[PDB]
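Structure first, commentary second.
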Amino acid sequence: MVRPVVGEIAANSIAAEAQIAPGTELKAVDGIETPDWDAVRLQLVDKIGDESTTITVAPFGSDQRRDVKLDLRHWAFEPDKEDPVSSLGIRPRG
């Protein structure tokens, strides 16, 4: 019901750069499995102060998992007032 499925990708975003596509499900962030978008956020918050993070994804309609690196060198959001996922260019479905 609440699996972390990508709804939209913002052009020129960190996620767009890593070529994550709509319909893709995020399975893990840096090796920690993430069952919903909140779990993804909690892992992303731990990556504040990192240069990059590796997300495991499964493209729409496929069971095949693969890792993609996100470049966080220029990543910035207000942790208390903004969604970390949005700041990466991702709009959760739906």
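Count along the sequence shown starting at 1, add 125, and that's the number in the authors' numbering. Virtual Cβ for every residue (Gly too), placed ideally from N, Cα, C.
Within a Cβ cutoff of 7 Å, which residues of the same chain sit near residue i, ignoring the five residues on either side of it in sequence?
i    : result
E133 : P147, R216
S138 : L213, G214
Which of the three DSSP states, helix, strand or coil, is assigned to residue i?
i    : result
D196 : strand
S177 : strand
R190 : coil
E207 : coil
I157 : strand
Could you check if residue i is buried or exposed, using at least 16 other CB atoms within 10 Å of its CB as the buried criterion?
i    : result
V210 : buried
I173 : exposed
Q189 : exposed
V182 : buried
For residue i, list the residues DSSP reports as bridge partners.
i    : result
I134 : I215
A183 : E150
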